[PDB]
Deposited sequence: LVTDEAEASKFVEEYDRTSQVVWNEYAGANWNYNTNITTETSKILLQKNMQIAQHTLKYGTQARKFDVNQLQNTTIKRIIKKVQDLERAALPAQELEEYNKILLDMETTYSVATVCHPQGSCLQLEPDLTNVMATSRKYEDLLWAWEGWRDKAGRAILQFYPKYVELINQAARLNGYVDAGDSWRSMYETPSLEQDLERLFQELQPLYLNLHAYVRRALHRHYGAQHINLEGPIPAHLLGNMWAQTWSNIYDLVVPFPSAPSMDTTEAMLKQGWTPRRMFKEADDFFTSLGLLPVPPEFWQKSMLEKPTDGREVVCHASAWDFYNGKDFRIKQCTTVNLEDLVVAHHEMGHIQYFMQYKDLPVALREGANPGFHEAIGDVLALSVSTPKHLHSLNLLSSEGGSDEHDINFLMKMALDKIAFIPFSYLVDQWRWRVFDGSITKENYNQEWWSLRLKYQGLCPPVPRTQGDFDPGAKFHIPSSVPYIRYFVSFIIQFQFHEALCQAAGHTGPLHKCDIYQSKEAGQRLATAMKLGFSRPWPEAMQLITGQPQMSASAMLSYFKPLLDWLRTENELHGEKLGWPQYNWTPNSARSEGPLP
């Protein structure tokens, strides 16, 4: 019994490395060169990997996991018993794969055209418009156009996608696809735990929302901002209003402190996409963590091709399951926002390298939120005025202090409600609570309820605004990013204490701390081999998710915001 199970996992591991490596190659080749040919190859490799999953998953299910003694083997076999989409009958699997390909392609090639003019792609063009334009009608054209062309075009696929991903989930023992996604956390109390974390961030978010709302009132006019209502969703500097720091110029707490134009500084100093990833690589090795291999620099796609290729620009980090080949695919722009994204992606890469010697079934983060958080942790230190000054991107007070926390909060605090609601919506689609009759109406009920946002143009039949957000057509879970924003502050607090930092948490910069790197390395090397509380305990000395670190980080800003909003008589929220 035990020996057959040991031999099975050994055979599964050596055969999976080969099949997954070939699939990743074809998937990469399509993502970096969308053509009829690369798609057909990709759909073909999808059947090869499905055949492999079906063979070994079927055998995995013949083992009584209850009777297995070794806990590691037990854990691998139980995981291999989930065939995912390979549980579907051949017809449904082919349909599902084609639906996923059509949805992701549709999103990644959509364009928005000026009337009788040029057509803009999401990256860099529409992203830049949302970030820099300060004109209501210009932002409205981009915001509505992107949903008309990306969102509406996904709607025809989504009901069948839901049917098929749910059918696969049920064939693997779950009640629907959202049940299966939540199980990735191995936490029966996940929904309650996440809800309590969200509620703990309400004071900060409501106060930030009211303050930003007041500033938008000042710039966009009293006829267009209701000081007791939700904020129009196109005015926050980002296509999904998920992060707000691109409107920092409109909301500066102390404008007497002049802001240095960081984008012009990077450009003026010759920064390139390569330089940005090199700086991130240097931060990782400064902690004693691993450098990316030479292969990474030869094979990655660090900027948008200029040779006619159509590509998937949305940033992602790729493990090719051979322990040597790791790559980033990002249409990088030279600015601070994408430097932070670059660090985010390099954290994925770091995780891949740290757990590369585990069995492939355990080459995942402790939970998906851990995988999303690593790069963000370092980026917190990178974003400090001290570190940015050392990169010659800033010029060397309480005013500057509150200014910096506001910049951070526009990204870290504003993202909390957005990242919470995406899968609140999808979980209820998957469990049948939301039908295609009210996809979009229920999306905006959550946009209002959690983010306090409203659409600038009333939605109509045919709209499918969730389809205008990458992770929806690409079928990538989102609660991981909510978890990441909570725990990345817990990790920051812990590493800063390990590094000997005293004083306000937001002044910590862990650059070159070997003590901090070692905490992270010991956790990352566990991969998915243990329940995630153990990785949490290795980093922080305790096992729970907690918002206390994030609240401690932003405490000075919470006090400043309350005083400011009180002074102006704001009514928090949106009744």
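- Item | Missing C-alpha runs, given along the deposited sequence, first residue counted as 1 | Gaps vs deposited seq, in order: 1 to 3, 400 to 402, 582 to 597.
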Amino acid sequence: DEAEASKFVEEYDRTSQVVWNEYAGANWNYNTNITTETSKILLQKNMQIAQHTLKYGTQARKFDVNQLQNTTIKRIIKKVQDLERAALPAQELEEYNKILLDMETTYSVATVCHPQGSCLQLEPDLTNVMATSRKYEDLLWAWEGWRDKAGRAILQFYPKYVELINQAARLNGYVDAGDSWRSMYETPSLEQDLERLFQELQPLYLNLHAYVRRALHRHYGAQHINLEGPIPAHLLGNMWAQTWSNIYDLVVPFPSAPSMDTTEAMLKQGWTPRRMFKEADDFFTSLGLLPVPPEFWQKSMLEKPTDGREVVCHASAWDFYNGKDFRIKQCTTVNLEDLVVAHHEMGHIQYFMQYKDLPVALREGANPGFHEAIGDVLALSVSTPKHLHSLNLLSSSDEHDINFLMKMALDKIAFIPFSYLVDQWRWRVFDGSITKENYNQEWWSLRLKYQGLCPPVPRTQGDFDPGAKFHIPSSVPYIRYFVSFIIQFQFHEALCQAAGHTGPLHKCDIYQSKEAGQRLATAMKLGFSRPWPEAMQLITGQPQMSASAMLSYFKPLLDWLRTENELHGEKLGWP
From here on, numbers count along this sequence of modelled residues.
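- Query: Of the two stretches 119 to 127 and 216 to 224, which shows the higher Cα B-factor on average in the entry?
  - Reply: Stretch with the higher mean C-alpha B-factor: 119 to 127.
- Of 199 to 207 and 110 to 118, the one with larger mean CA B-factor: Per the PDB entry, the higher value belongs to 110 to 118.
- Message: Highest Cα temperature factor in the entry, among the options 545, 535, 510, 50: which one is it?
- Response: Reading the PDB entry, the winner on C-alpha B-factor is 50.
- Task: Determine which member of 362, 247, 154, 93 has the highest CA B-factor, using the values in the deposited entry.
- Result: Each of 362, 247, 154, 93 was compared by C-alpha B-factor; the highest is 93.
- Can you work out whether the C-alpha temperature factor of residue 254 puts it in the lowest, middle or highest third of the chain? Highest third.
- residue 554 CA temperature factor, ranked by third within the chain: Ranked within chain, residue 554 CA B lands in the lowest tercile.
- residue 457 CA temperature factor, ranked by third within the chain: Its C-alpha B-factor, which the entry lists for residue 457, ranks in the middle third among residues of this chain.
- Quick one: classify residue 345 as lowest, middle or highest third of the chain based on its Cα B-factor. As the PDB entry reports it, the C-alpha B-factor of residue 345 lands in the lowest third of its chain.
- Third of chain Cα B-factors occupied by residue 163: Answer is middle: the recorded C-alpha B-factor places it there.
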